[PDB]
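> Sharing a structure here in structure tokens format.
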Amino acid sequence: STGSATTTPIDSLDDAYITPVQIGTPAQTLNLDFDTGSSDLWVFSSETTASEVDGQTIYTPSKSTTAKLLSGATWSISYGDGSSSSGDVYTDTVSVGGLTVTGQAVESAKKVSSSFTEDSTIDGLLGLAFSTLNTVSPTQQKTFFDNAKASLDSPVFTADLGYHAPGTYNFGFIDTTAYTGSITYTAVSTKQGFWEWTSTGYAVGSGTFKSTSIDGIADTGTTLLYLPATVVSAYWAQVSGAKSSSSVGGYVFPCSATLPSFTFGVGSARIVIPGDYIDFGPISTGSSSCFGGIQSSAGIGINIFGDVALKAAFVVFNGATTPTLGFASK
């Protein structure tokens, strides 16, 4: 089997991407944030505290003839940005782009933090990291990809995120028309539950490539590119007037600037992020200070190849017995 679904930016900055997902019988379509940095499929629901719902579409398990309470199971998750959610669990039929999994754990939110409430466009998350990170207790649950894997023509999914445009998540096949050149594959460590890999270096603009190992995670659920402070300083030093602002929470730059590209290494291959992809616009409406798309990971504990980096590539998440990641230009 295969599946193919379009993923769409939630706003004009590509702050996140939403993909329609069919849950239950008859189908209830929710727009979920596909997150290769986490492993829970959770949704706004008829159980979510009413004051914490503000425009989201909700899953109502009582209206699904295939929903079943997963008795005794609870979940609770906290993300790297400080947001969180928790609740109980149903199993139900879940379909993405024509690919159907029966008995998928659908984590129904009883509580969500303010950042979720305030984002009316995101009806929940669909985790695509390794199932060892799934938070359901006392019986940990499998991701949608893990459940679908055996049925797929090939045990893979691909992320093809657009810059200020829709893109595609495919399951079970690699669309050879969606990229240019060849795909370069690189080793993955699953030790922390992430799609963790080691970039071979970077360049700023037209500068020379610096060969250096940068361990990090491929994370579709993180907006920006978070890298070591040395690398990030070298980038922003090429932008007149750019500075790190403690009051804003990262590097800002004059909105009048033209940003240089940023290149990252994948083995001997190179993925070029155009400068425009690194512009996240005014820090507040009407400001002439703009927020940068490359930020320091120093306070995170891990480097994160988020959407800024991934959207410059066609990315293969290879879930074979020994997982690997593939990157191609496009």
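Each chain in the structure tokens gets a letter, A, B and so on, in the order shown; residues start at 1 in every chain, and ligands are counted from 1 in the order they appear.
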Which residues in range 123-185 of chain A does DSSP call alpha helix (DSSP H)? List them as a ChimeraX atom specification.

/A:144-148

> Sorted by chain and rising residue number, which residues of range 186-264 of chain A lie within 12 Å of range 307-317 of chain A, and what are their closest atom pairs and distances in Å to one decimal, counting only C-alpha atoms, as CSV?


residue,atom,partner,partner_atom,distance
A:186,CA,A:316,CA,10.2
A:187,CA,A:317,CA,11.0
A:188,CA,A:317,CA,9.7
A:194,CA,A:317,CA,11.0
A:195,CA,A:317,CA,7.9
A:196,CA,A:317,CA,10.9
A:197,CA,A:317,CA,11.4
A:199,CA,A:309,CA,11.7
A:202,CA,A:309,CA,11.9
A:216,CA,A:309,CA,11.6
A:217,CA,A:310,CA,10.6
A:218,CA,A:310,CA,7.4
A:219,CA,A:307,CA,7.2
A:220,CA,A:307,CA,5.5
A:221,CA,A:307,CA,7.4
A:222,CA,A:307,CA,6.2
A:223,CA,A:307,CA,4.9
A:224,CA,A:308,CA,5.2
A:225,CA,A:308,CA,5.7
A:226,CA,A:308,CA,9.5
A:227,CA,A:309,CA,10.9
A:261,CA,A:312,CA,10.9
A:262,CA,A:309,CA,9.0
A:263,CA,A:309,CA,9.1
A:264,CA,A:309,CA,8.4

> May I have the residues from that selection written out with N, CA and C atoms, as a PDB file, in the first residue's frame?


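Below is the file result-v5.pdb, written as the result:
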ATOM      1  N   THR A 186      22.242   8.876   4.758  1.00  0.00           N
ATOM      2  CA  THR A 186      23.150   9.081   5.875  1.00  0.00           C
ATOM      3  C   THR A 186      22.613   8.321   7.085  1.00  0.00           C
ATOM      4  N   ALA A 187      23.527   7.894   7.951  1.00  0.00           N
ATOM      5  CA  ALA A 187      23.163   7.035   9.073  1.00  0.00           C
ATOM      6  C   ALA A 187      22.309   7.764  10.107  1.00  0.00           C
ATOM      7  N   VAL A 188      21.454   6.999  10.771  1.00  0.00           N
ATOM      8  CA  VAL A 188      20.571   7.499  11.814  1.00  0.00           C
ATOM      9  C   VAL A 188      20.871   6.751  13.102  1.00  0.00           C
ATOM     10  N   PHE A 194      14.816   9.813  18.103  1.00  0.00           N
ATOM     11  CA  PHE A 194      14.648  10.782  17.032  1.00  0.00           C
ATOM     12  C   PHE A 194      15.282  10.258  15.746  1.00  0.00           C
ATOM     13  N   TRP A 195      14.981  10.954  14.648  1.00  0.00           N
ATOM     14  CA  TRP A 195      15.696  10.775  13.391  1.00  0.00           C
ATOM     15  C   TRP A 195      16.973  11.606  13.489  1.00  0.00           C
ATOM     16  N   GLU A 196      17.949  11.064  14.223  1.00  0.00           N
ATOM     17  CA  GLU A 196      19.165  11.782  14.579  1.00  0.00           C
ATOM     18  C   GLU A 196      20.280  11.369  13.638  1.00  0.00           C
ATOM     19  N   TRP A 197      20.995  12.355  13.109  1.00  0.00           N
ATOM     20  CA  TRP A 197      21.991  12.144  12.070  1.00  0.00           C
ATOM     21  C   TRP A 197      23.109  13.158  12.279  1.00  0.00           C
ATOM     22  N   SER A 199      25.336  15.919  10.215  1.00  0.00           N
ATOM     23  CA  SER A 199      25.706  16.714   9.057  1.00  0.00           C
ATOM     24  C   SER A 199      27.219  16.836   8.989  1.00  0.00           C
ATOM     25  N   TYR A 202      29.034  23.015   6.943  1.00  0.00           N
ATOM     26  CA  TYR A 202      28.180  24.107   6.504  1.00  0.00           C
ATOM     27  C   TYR A 202      28.976  25.143   5.728  1.00  0.00           C
ATOM     28  N   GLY A 216      22.363  16.215  14.835  1.00  0.00           N
ATOM     29  CA  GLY A 216      21.086  16.865  15.051  1.00  0.00           C
ATOM     30  C   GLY A 216      19.950  15.985  14.594  1.00  0.00           C
ATOM     31  N   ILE A 217      18.730  16.496  14.747  1.00  0.00           N
ATOM     32  CA  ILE A 217      17.537  15.723  14.420  1.00  0.00           C
ATOM     33  C   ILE A 217      16.781  16.360  13.259  1.00  0.00           C
ATOM     34  N   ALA A 218      16.206  15.516  12.410  1.00  0.00           N
ATOM     35  CA  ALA A 218      15.331  15.980  11.342  1.00  0.00           C
ATOM     36  C   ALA A 218      13.933  16.069  11.931  1.00  0.00           C
ATOM     37  N   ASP A 219      13.427  17.295  12.099  1.00  0.00           N
ATOM     38  CA  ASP A 219      12.227  17.539  12.898  1.00  0.00           C
ATOM     39  C   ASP A 219      11.251  18.433  12.131  1.00  0.00           C
ATOM     40  N   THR A 220      10.269  17.820  11.470  1.00  0.00           N
ATOM     41  CA  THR A 220       9.266  18.585  10.743  1.00  0.00           C
ATOM     42  C   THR A 220       8.373  19.411  11.657  1.00  0.00           C
ATOM     43  N   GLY A 221       8.307  19.087  12.947  1.00  0.00           N
ATOM     44  CA  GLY A 221       7.489  19.815  13.895  1.00  0.00           C
ATOM     45  C   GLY A 221       8.134  21.036  14.510  1.00  0.00           C
ATOM     46  N   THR A 222       9.371  21.348  14.148  1.00  0.00           N
ATOM     47  CA  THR A 222      10.058  22.555  14.599  1.00  0.00           C
ATOM     48  C   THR A 222      10.190  23.501  13.413  1.00  0.00           C
ATOM     49  N   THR A 223       9.856  24.778  13.624  1.00  0.00           N
ATOM     50  CA  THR A 223       9.826  25.730  12.519  1.00  0.00           C
ATOM     51  C   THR A 223      11.220  26.045  11.990  1.00  0.00           C
ATOM     52  N   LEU A 224      12.159  26.323  12.897  1.00  0.00           N
ATOM     53  CA  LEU A 224      13.431  26.934  12.550  1.00  0.00           C
ATOM     54  C   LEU A 224      14.579  25.925  12.564  1.00  0.00           C
ATOM     55  N   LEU A 225      15.753  26.420  12.176  1.00  0.00           N
ATOM     56  CA  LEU A 225      17.002  25.667  12.150  1.00  0.00           C
ATOM     57  C   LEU A 225      17.827  26.089  13.358  1.00  0.00           C
ATOM     58  N   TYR A 226      18.061  25.152  14.275  1.00  0.00           N
ATOM     59  CA  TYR A 226      18.793  25.404  15.512  1.00  0.00           C
ATOM     60  C   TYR A 226      20.134  24.685  15.470  1.00  0.00           C
ATOM     61  N   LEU A 227      21.213  25.457  15.531  1.00  0.00           N
ATOM     62  CA  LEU A 227      22.565  24.945  15.345  1.00  0.00           C
ATOM     63  C   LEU A 227      23.509  25.498  16.409  1.00  0.00           C
ATOM     64  N   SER A 261      22.423  32.803   1.701  1.00  0.00           N
ATOM     65  CA  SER A 261      22.034  31.408   1.824  1.00  0.00           C
ATOM     66  C   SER A 261      22.841  30.726   2.927  1.00  0.00           C
ATOM     67  N   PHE A 262      22.400  29.522   3.280  1.00  0.00           N
ATOM     68  CA  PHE A 262      23.099  28.665   4.227  1.00  0.00           C
ATOM     69  C   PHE A 262      23.121  27.262   3.654  1.00  0.00           C
ATOM     70  N   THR A 263      24.300  26.659   3.569  1.00  0.00           N
ATOM     71  CA  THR A 263      24.453  25.317   3.029  1.00  0.00           C
ATOM     72  C   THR A 263      24.779  24.372   4.173  1.00  0.00           C
ATOM     73  N   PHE A 264      24.152  23.194   4.178  1.00  0.00           N
ATOM     74  CA  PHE A 264      24.528  22.129   5.101  1.00  0.00           C
ATOM     75  C   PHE A 264      24.923  20.873   4.335  1.00  0.00           C
TER      76      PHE A 264
END

> Pick out each residue of range 34-261 of chain A that DSSP on the backbone tags as strand (DSSP E); I need them as a ChimeraX atom specification.

/A:34-35,41-43,68-78,84-96,99-112,124-127,156-160,167-171,184-187,196-204,210-218,225-227,243-245,250-254

> Separation of CA of residue 144 in chain A and CA of residue 305 in chain A, in Å?

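Computing the Euclidean distance for CA of residue 144 in chain A and CA of residue 305 in chain A yields 22.0 Å.
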
> Have a look at CA of residue 304 in chain A and CA of residue 179 in chain A and let me know their distance in Å, one decimal.

22.7 Å

> Write out as a list in words which residues come within 9 Å of residue 64 in chain A when counting only C-alpha atoms, dropping same-chain ones fewer than 4 positions away.

residues 23, 24, 25, 26, 27, 28, 60, 68 and 92 of chain A

> Contacts of residue 131 in chain A at 6 Å or less, counting only C-alpha atoms, minus same-chain residues fewer than 5 places along, as a VMD selection string?

chain A and resid 39 142 to 143

> Mind dumping the selected residues with C-alpha atoms as a compact mmCIF listing (two decimals), in the first residue's frame?


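Okay, selection_37.txt is ready:
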# COMPACT_ATOMS: atom_id res chain seq x y z
CA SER A 39 5.65 10.01 18.60
CA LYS A 142 2.91 2.70 18.07
CA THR A 143 3.01 5.60 15.64

> With only C-alpha atoms as the basis for distance, which of A:278, A:174, A:106, A:271 is at the shortest distance from residue 157 in chain A?

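Distance minimum relative to residue 157 in chain A lands on A:174.
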
> Could you name the residues that touch residue 78 in chain A at 10 Å or less, counting only C-alpha atoms, but leaving out those on the same chain fewer than 4 positions away, as a list in words?

residues 38, 82, 83, 84, 85, 86, 113 and 135 of chain A

> Would you save the residues of that selection, restricted to N, CA, C and O atoms, as a CSV table (one decimal), in the first residue's frame?


chain,number,residue,atom,x,y,z
A,38,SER,N,8.3,13.9,17.4
A,38,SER,CA,7.6,13.3,18.5
A,38,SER,C,6.8,12.1,18.0
A,38,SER,O,6.8,11.8,16.8
A,82,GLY,N,8.0,24.2,25.3
A,82,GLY,CA,7.3,24.4,26.6
A,82,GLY,C,5.8,24.2,26.5
A,82,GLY,O,5.1,24.3,27.5
A,83,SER,N,5.3,23.9,25.3
A,83,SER,CA,3.8,23.5,25.2
A,83,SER,C,3.6,22.1,25.7
A,83,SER,O,4.5,21.3,25.8
A,84,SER,N,2.3,21.8,25.9
A,84,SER,CA,2.0,20.5,26.5
A,84,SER,C,0.5,20.1,26.2
A,84,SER,O,-0.3,21.0,25.9
A,85,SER,N,0.2,18.8,26.4
A,85,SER,CA,-1.2,18.4,26.3
A,85,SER,C,-1.2,17.0,26.9
A,85,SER,O,-0.2,16.3,27.2
A,86,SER,N,-2.4,16.6,27.3
A,86,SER,CA,-2.6,15.3,28.0
A,86,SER,C,-4.1,14.8,27.8
A,86,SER,O,-5.0,15.6,27.6
A,113,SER,N,-2.1,23.2,26.4
A,113,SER,CA,-1.6,24.5,26.8
A,113,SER,C,-2.0,25.6,25.8
A,113,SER,O,-2.5,25.4,24.8
A,135,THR,N,4.2,8.5,24.6
A,135,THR,CA,3.9,8.7,26.0
A,135,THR,C,2.8,7.9,26.6
A,135,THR,O,2.5,8.1,27.8

> Using only C-alpha atoms, determine which residues lie at most 6 Å from range 87-89 of chain A, disregarding the query and same-chain residues fewer than 3 positions distant; provide the list as number ranges by chain.

A: 70, 73-75, 106-110

> Please, could you write that set of residues out with N, CA and C atoms as a PDB file, in the first residue's frame?


ATOM      1  N   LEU A  70      -9.382   2.790  24.884  1.00  0.00           N
ATOM      2  CA  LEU A  70      -8.245   1.966  25.297  1.00  0.00           C
ATOM      3  C   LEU A  70      -8.217   2.077  26.814  1.00  0.00           C
ATOM      4  N   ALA A  73      -5.649   3.715  29.664  1.00  0.00           N
ATOM      5  CA  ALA A  73      -4.492   4.365  29.069  1.00  0.00           C
ATOM      6  C   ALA A  73      -4.613   5.882  29.173  1.00  0.00           C
ATOM      7  N   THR A  74      -3.522   6.527  29.565  1.00  0.00           N
ATOM      8  CA  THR A  74      -3.454   7.981  29.587  1.00  0.00           C
ATOM      9  C   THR A  74      -2.176   8.411  28.890  1.00  0.00           C
ATOM     10  N   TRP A  75      -2.102   9.695  28.570  1.00  0.00           N
ATOM     11  CA  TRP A  75      -0.929  10.232  27.902  1.00  0.00           C
ATOM     12  C   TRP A  75      -0.709  11.652  28.385  1.00  0.00           C
ATOM     13  N   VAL A 106      -5.405   6.839  19.061  1.00  0.00           N
ATOM     14  CA  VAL A 106      -5.772   8.232  18.867  1.00  0.00           C
ATOM     15  C   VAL A 106      -5.894   8.825  20.264  1.00  0.00           C
ATOM     16  N   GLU A 107      -4.962   9.699  20.609  1.00  0.00           N
ATOM     17  CA  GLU A 107      -4.858  10.248  21.955  1.00  0.00           C
ATOM     18  C   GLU A 107      -5.742  11.486  22.031  1.00  0.00           C
ATOM     19  N   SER A 108      -6.797  11.395  22.824  1.00  0.00           N
ATOM     20  CA  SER A 108      -7.798  12.447  22.942  1.00  0.00           C
ATOM     21  C   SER A 108      -7.382  13.425  24.031  1.00  0.00           C
ATOM     22  N   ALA A 109      -7.250  14.701  23.679  1.00  0.00           N
ATOM     23  CA  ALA A 109      -6.815  15.695  24.651  1.00  0.00           C
ATOM     24  C   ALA A 109      -7.948  16.059  25.601  1.00  0.00           C
ATOM     25  N   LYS A 110      -7.655  15.969  26.889  1.00  0.00           N
ATOM     26  CA  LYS A 110      -8.494  16.600  27.899  1.00  0.00           C
ATOM     27  C   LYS A 110      -8.015  18.005  28.213  1.00  0.00           C
TER      28      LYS A 110
END

> Restricting the calculation to only C-alpha atoms, which member of A:12, A:71, A:295, A:211 is positioned closest to residue 252 in chain A?

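Of the candidates, the smallest distance to residue 252 in chain A is held by A:295.
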
> Which residue out of A:116, A:253, A:65, A:91 has the minimum interatomic distance to residue 51 in chain A when only C-alpha atoms are used?

A:116

> Env of residue 57 in chain A: 10 Å cut, atoms = only C-alpha atoms, seq-sep filter 5 positions within chain, self excluded. Answer as a JSON list (two decimals) with C-alpha atoms, in the first residue's frame.


[["chain", "number", "residue", "atom", "x", "y", "z"],
["A", 28, "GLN", "CA", -13.88, 12.91, 10.75],
["A", 29, "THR", "CA", -11.22, 14.97, 8.98],
["A", 30, "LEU", "CA", -8.80, 16.85, 11.23],
["A", 31, "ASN", "CA", -5.82, 18.93, 10.12],
["A", 43, "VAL", "CA", -6.23, 15.45, 18.75],
["A", 44, "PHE", "CA", -8.53, 18.13, 20.01],
["A", 45, "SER", "CA", -11.68, 16.28, 20.93],
["A", 46, "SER", "CA", -15.12, 16.34, 22.50],
["A", 120, "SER", "CA", -6.94, 27.56, 15.55],
["A", 121, "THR", "CA", -5.44, 25.96, 12.43],
["A", 122, "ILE", "CA", -3.85, 22.92, 14.15],
["A", 123, "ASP", "CA", -6.28, 20.23, 15.29],
["A", 124, "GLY", "CA", -3.57, 18.01, 16.79]]

> If you measure from CA of residue 62 in chain A to CA of residue 48 in chain A, what distance in Å do you get, rounded to one decimal?

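Separation of CA of residue 62 in chain A and CA of residue 48 in chain A: 13.8 Å.
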